[PDB]
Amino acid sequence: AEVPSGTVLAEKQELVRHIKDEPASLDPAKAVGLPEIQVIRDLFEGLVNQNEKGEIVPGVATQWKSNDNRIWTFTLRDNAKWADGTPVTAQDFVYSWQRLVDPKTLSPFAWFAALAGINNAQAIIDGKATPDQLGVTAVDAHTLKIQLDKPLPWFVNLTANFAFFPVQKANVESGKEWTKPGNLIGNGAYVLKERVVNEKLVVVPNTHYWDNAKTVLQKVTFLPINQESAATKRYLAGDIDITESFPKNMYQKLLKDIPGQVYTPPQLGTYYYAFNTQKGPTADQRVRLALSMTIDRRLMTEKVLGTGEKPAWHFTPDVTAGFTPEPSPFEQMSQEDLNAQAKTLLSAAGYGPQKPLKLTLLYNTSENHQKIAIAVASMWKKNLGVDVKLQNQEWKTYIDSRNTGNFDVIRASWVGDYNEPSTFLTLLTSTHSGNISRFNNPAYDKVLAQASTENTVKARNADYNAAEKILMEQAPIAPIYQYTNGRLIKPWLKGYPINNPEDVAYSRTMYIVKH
């Protein structure tokens, strides 16, 4: 933690953190949900960490280089240690990453290694190649060399992901009890000291942690409470110092009673509508633009949602690491002007009384998606003068329509796999598996290919902005709003990275001030 000079710290540096449910596996390679992942970030540490701004800072690795973005070399500190005092070395990572993709591990996140492009990852997952074929080598105890199957300038950002955290072979091979309190040996800032199933997990500092001198909190208690409203009340009662999420029906009262403790930071996700760029009226750029421009994003976030979400003027969330967007020309316009321009575009497209625009908005049966769809269809009727029918389909049918392109407009969403623009922008390249709108634009592909060649964040940002400009002009998709993850944080709790869009936090950065 970085405590600013003058700050008066409380005598008791203990924290109670609420988590949404009982943690499943504390094994990085078997973890599934956020509760265990949040605890894992305190018990283990990857090659690098991600600070509040999303910048990549040293973890076990103190340096990382790659000129071609394909072969990466990480230099590891010589004072990284497991909770039992033994050293963390390059071999620990070779062992752990091989284990991540090993078919025997059945990791729910083995796929992340393939997303990261580590050579032969999928082949190993599929049982076609032995784990030792993975593109990771321990040149020596402090040198880890990685071979990717494509150029990935942002590869290092992915190593901050829990799936790439190291585990200690001797500990793991002791058997199923290896993750129990007193048994789990991680390399993070903390160590699991005690645990009461379905009640609490208590961690204390791993004094062997390389940066332990900066660790302030001496005890952190994770309280799993899968009660949507009770967590908030226990927080108000003083039993919790920080919560995760709160019901919309409680939001207004919280803003009125404790406005200085309510946080609704934009997160790494975008709710959007995808148009069929290959068939129907939506194949015409003018039609897509008109529809995108007539969605009233402020009305959607302020009235329909009303829970803190921000309008999405770009596909990539504006708070994404290394992303400094050029403003969208639509953000500064009154809705009435957008409506007028949209009507002109639609008319130019050849639609009107003689040829009415007939489209259907598709979504999977859901109370949430129905609410948004009804609101958007109303906007199109009032702002663009078009009657867009609504169609809800069962999940299986919805997925089929989505993949096969059997739709005009369809609800969609993307939550970044890592905190860097490429996770969003690569989705629109012509051959990407996740290109729902079926956008096939050579100019766009060219810009994204360019980004994969830029080593600096500054240069890549120029490409990402160029990409967003194309998405704004061609409107293959219509971003609507950016997700949020509401939290309540006590006035005395400092150091929580509330602005990190991926909500990646480590207790080592926190501290309690006298209040």
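Each residue number is its position in the shown sequence, starting from 1.
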query	finding
Entry-level comparison of average CA B-factors, 444-452 and 40-48, reporting the higher stretch	444-452
Greater mean Cα temperature factor according to the PDB record, 350-358 or 268-276	350-358
Residue with highest C-alpha B-factor in the PDB entry, from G260, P311, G322, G117	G322
Selection from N212, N435, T143, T344 [criterion: highest C-alpha temperature factor in the record]	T344
Modelled-residue ranking by C-alpha temperature factor, third containing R487	middle
Third assignment of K176 from its chain's C-alpha B-factors	highest
Chain-relative CA temperature factor third for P329	highest
Within-chain third of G85 by Cα B-factor, per the entry	middle
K104 - Cα temperature factor, lowest/middle/highest third of chain	lowest
